[PDB]
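Only one chain comes next, encoded as structure tokens, the form deposited in one PDB entry.
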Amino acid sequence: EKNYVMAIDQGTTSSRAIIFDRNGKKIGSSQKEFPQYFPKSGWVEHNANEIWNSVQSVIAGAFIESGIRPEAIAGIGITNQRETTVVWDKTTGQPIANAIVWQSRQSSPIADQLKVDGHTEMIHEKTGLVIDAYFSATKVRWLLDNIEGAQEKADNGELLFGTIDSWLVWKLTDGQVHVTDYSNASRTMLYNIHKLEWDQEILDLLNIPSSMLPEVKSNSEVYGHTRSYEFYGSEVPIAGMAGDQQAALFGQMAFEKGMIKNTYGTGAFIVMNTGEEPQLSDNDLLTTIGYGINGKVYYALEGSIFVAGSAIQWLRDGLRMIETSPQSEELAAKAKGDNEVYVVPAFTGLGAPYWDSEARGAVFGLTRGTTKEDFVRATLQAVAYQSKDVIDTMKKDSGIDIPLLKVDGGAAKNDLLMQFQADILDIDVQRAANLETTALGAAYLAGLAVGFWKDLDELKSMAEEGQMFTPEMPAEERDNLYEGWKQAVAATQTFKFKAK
């Protein structure tokens, strides 16, 4: 236990591990994709054993690339795709079925039914969330409805539930620790964010035995130590944990009320720190927990954009319009049209501020002159436009003006996209020097827990700001582009055809 901390980032389509020194500098890293299953249209599943294997792989890869040995690791921090739900057998460690991903709509019939039975308001008051298949609760209900015998095993204390943080810590401790942090728990829709406890009324409503549930802890404390007889001959403290979007918020050093970031990945998620009190007005956004450290709980407002990077995957894999995902920026830069085509890629419904689960993907403004380049450019721009919807909502809700947006994520590497984002927002966009701020955030949490870094000030002193994009598009051009987006979304929301 010495001079390095490791972060593991278990993302939607790949896992990553990174080892940092006491300066916050990257010494080694490794990344590996894992299988995505789509058994029925709208369903998305992961095999949790394959997720664990990808994590084992990248932990190995980080050590191999760094030349660092486990005995030198002070702490491990863990961050993850949120909501994605695993249920597993307590004795064998075997998942009962595939994990259901946050992307999946397979549990929508159950969410719909909860709405028809009138629970929307109660759920929102307790959890800060909205009744939707997005969150863990209906994924658990789905698994206990559909996996033969699962409900009875659960009623007999034999099955455990966990989000990915919890699953991984379980794996790493070989079953000794079944824990989750406040930020991940807050995403389950089973957790009361005001009383800070699993909500018994929701549990009863859904017939989920409380014996399935992990204990909830802060985002920065020692949860246990590795056994994992792959982590070599070392018992390393598992010491920081947060949902990926909250990890990014922390890694961006957004510690003060009002500070705001956006992470561009498979989806895009705008999170504002609101401090120790939720927020007077939640309208059209989620109220969630940012992080719990130093005895205190810090809340956040979040607007979720479900489909961002995955729209580009669709172009590649569905339409086969592009050969690779990076090729998309090459094509978009070459677009020659008037910029009047709009793609609203709401494959699973519109996220914030709309939260309209019946919307599907749509395209507008097509003409004979519309080229592949134009269509790909419009697809990329969607995430910038919806980010503005969200950020305007955040100003309205928070009554705070927003002079600056910090940004991170794989997709934020696209300079032209970031310039466009600044241009349409008419606010400065500050891109992180190290785009993987999710992993950095988890490393910070773990480092603070073990005394690797002592104080939030030692973290600040590591801050080395990145590329700044300043707005350079005139008000008339910007107002026109955004007004066309609003009309596109409006028109998308009018298509609500349901068969029979």
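In this text, rigid core is short for the largest set of C-alphas that superpose within 1.5 Å between two forms. So that there is no doubt, residue numbering starts at 1 and follows the sequence shown.
Separately, the form deposited in another entry exists; it is not shown, and the next lines address it.
Undergrad: For the set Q327, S398, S211, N192, which residue undergoes a C-alpha shift of 2 Å or more between the shown form and the other one, given alignment on the rigid core?
TA: Meeting the 2 Å or more criterion is only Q327.
Undergrad: So that I can tell if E373 moves, could you say whether its C-alpha shifts by at least 2 Å between the shown form and the other one after the core superposition?
TA: After core superposition, the displacement of the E373 C-alpha between the shown form and the other one reaches the 2 Å mark, so yes.
Undergrad: Indicate whether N283 shows a C-alpha shift of 2 Å or more between the shown form and the other one, with the rigid core used for the fit.
TA: True for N283: a C-alpha shift of 2 Å or more.
Undergrad: For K40, decide whether the Cα shift between the shown form and the other one is 2 Å or greater, given a superposition on the rigid core.
TA: Shift of 2 Å or more: no.
Undergrad: At a change of 3 Å or more, would you call the C-alpha separation of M473 and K406 in the other entry closer or farther than in the form supplied?
TA: Result: farther.
Undergrad: How does the C-alpha distance between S281 and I202 change in the other entry compared with the present structure, closer or farther, given a change of 3 angstroms or more?
TA: Between the C-alphas of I202 and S281, the gap narrows in the other entry (3 Å or more compared with this form).
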